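Trainee: Just the structure for this:
(one chain, ligands or ions: 3)
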Amino acid sequence: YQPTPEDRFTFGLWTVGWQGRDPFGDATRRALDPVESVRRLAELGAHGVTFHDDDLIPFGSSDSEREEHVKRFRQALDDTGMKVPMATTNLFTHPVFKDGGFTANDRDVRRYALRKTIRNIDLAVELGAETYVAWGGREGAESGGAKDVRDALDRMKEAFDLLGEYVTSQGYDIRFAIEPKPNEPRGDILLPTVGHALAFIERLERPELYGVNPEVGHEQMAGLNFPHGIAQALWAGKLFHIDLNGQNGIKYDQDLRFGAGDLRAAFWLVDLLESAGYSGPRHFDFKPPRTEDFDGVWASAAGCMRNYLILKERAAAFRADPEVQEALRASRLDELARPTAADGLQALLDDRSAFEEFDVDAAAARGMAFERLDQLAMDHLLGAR
Ligand SMILES: [Mg+2]
Ligand SMILES: [Mg+2]
Ligand code: NA
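Mentor: Numbers count the residues shown, from 1 in each chain. Ligands and ions are numbered 1, 2, ... in the order given. Let me share the structure:
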């Protein structure tokens with residue numbers, strides 16, 4: 001289960017670089033130089049890295065310092081063959097963003113947030129990124145009167161529309177991906193789930209430029225089924241990027257390594273991504289726990305990729321097994337894929353077998369055979385076939 005760059009595994013600089021500061025504790029690890037992270041991740045078999053502006057260029061850097069930070073990073077990419085498929089903006093750490101970036105009540109903060117974002121879009125394009133992520137972690141509220149949500153959505157739309165005008169005007173081949181999260185650090189965050197983000201995109205001026213960047217743990221913070229949400233995003237043609245990690249239920253955002261947390265949900269996710277032919281990066285947004293030293297950081301990162309590869313093997317074996325294919329037919333998955341009424345509305349209305357002469361009791365007595373199917377899936381996941 002050895003990863004290679006062809007597997008398209010990517011990591012944020014802020015993941016392996018997380019120093020371990022949590023709400024109740026100081027950092028347990030020293031800061032990593034981005035150049036070291038690129039080299040170490042390349043040695044593990046990663047394909048690329050991603051960054052927030054402020055991960056790569058310290059906030060407040062002069063133009064000359066900015067140039068030197070980028071030059072050093074580009075040489076590390078050249079030395080390793082690592083790519084940068086995605087970039088994003090930090091609109092959450094600095095105190096100026098305490099009430100949001102794009103939806104801050106203060107208008108001057110909203111304008112600054114847009115300018116900070118635009119500057120990093122230029123850099124992302126320079127480095128070859130194809131997707132630009134926006135996680136609106138400060139967009140929201142702790143109390144009901146603090147934020148008129150209709151006005152906030154107007155401001156959010158305004159911001160994204162302006163960004164779309166900018167990339168179109170410059171001729172950039174980049175697309176945007178909105179990352180939902182239901183809460184934390186705000187009491188409630190705007191666009192809290194994949195569904196809300198997909199709905200919002202349809203009201204933008206150029207919806208084709210925007211998709212979603214769902215994160216395993218974030219949907220699980222609302223108790224939702226992550227594979228189901230991914231299926232809806234794929235169905236809409238909007239899965240532009242994905243963040244892979246683990247989460248143990250409804251609590252603070254844990255960002256565990258992928259495969260930890262809900263293991264069976266991870267299996268069904270990999271099955272879906274591979275079956276659907278998702279071709280984007282397999283990006284890990286995770287935090288090595290603060291109990292770990294640097295050897296544990298790299299072990300945790302390697303484990304992300306290993307677990308994806310094991311699950312990919314098991315899901316492929318499941319789908320290829322003739323006994324599973326028979327069980328899928330026994331459960332009528334084949335019929336689910338056939339149209340209900342390709343004969344059309346009038347034919348349906350005239351079809352006595354659909355109502356007047358339908359034997360509801362005979363249909364009700366048919367078992368779905370779902371438990372046998374699910375036990376075959378369990379056996380395959382555990383390698384007990
Ligand atoms: Mg998270
Ligand atoms: Mg994320
Ligand atoms: Na737009």
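
Trainee: nearest spatial neighbour of the closest residue to ligand 1 within the stretch 201-350 of the chain, skipping sequence neighbours?
Mentor: When scored by CB to the ion, the stretch 201-350 of the chain has residue 253 as its residue closest to ligand 1, at 4.0 Å. Every residue, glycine included, has its C-beta placed from N, CA and C. With CB to CB, 6 or more residues apart in numbering as the criterion, residue 253 has its nearest non-adjacent residue at 5.3 Å, and that residue is residue 184.

Trainee: same deal with residue 187?
Mentor: residue 142 (3.9 Å).

Trainee: Assign the residue in the stretch 51-200 of the chain positioned nearest to ligand 3 to helix, strand or coil.
Mentor: Scanning the stretch 51-200 of the chain for proximity to ligand 3 using CB to the ion identifies residue 164 as nearest, at 3.4 Å. Recorded secondary structure, residue 164: helix (DSSP: H, G, I helix; E, B strand; the rest coil).

Trainee: Now do the same contact list for it.
Mentor: Applying CB atoms under 8 Å, 6 or more residues apart in numbering, we find residue 164 in contact with 176, 204-206, 209-210.

Trainee: Mind doing that once more with 10 Å?
Mentor: 175-176, 204-210 (CB atoms under 10 Å, 6 or more residues apart in numbering).

Trainee: From residue 120, how far out is it?
Mentor: In this view, residue 164 and residue 120 are 16 Å apart by CB to CB, to the nearest Å.

Trainee: what do you get for residue 34?
Mentor: 15 Å.

Trainee: Could you do residue 263 as well?
Mentor: From residue 263 over to residue 120 the distance is 36 Å, taken as CB to CB.

Trainee: Who has more neighbours out of the two?
Mentor: With neighbours defined as other CB atoms under 10 Å, residue 263 and residue 120 compare such that residue 120 has more, 21 against 12.

Trainee: you'd agree the more buried one is up against residue 59?
Mentor: No: taking CB atoms under 10 Å as the definition, residue 120 is not a contact partner of residue 59, at 11.9 Å.

Trainee: what sits against whatever residue of the stretch 51-200 of the chain ends up closest to ligand 1?
Mentor: Nearest to ligand 1 in the stretch 51-200 of the chain, going by CB to the ion, is residue 181, at a distance of 6.7 Å. Residue 181 sits next to 135-137, 139-140, 189-193, 197, 214-215, 217-219, 221-222, 253 when contact means CB under 10 Å, 6+ apart.
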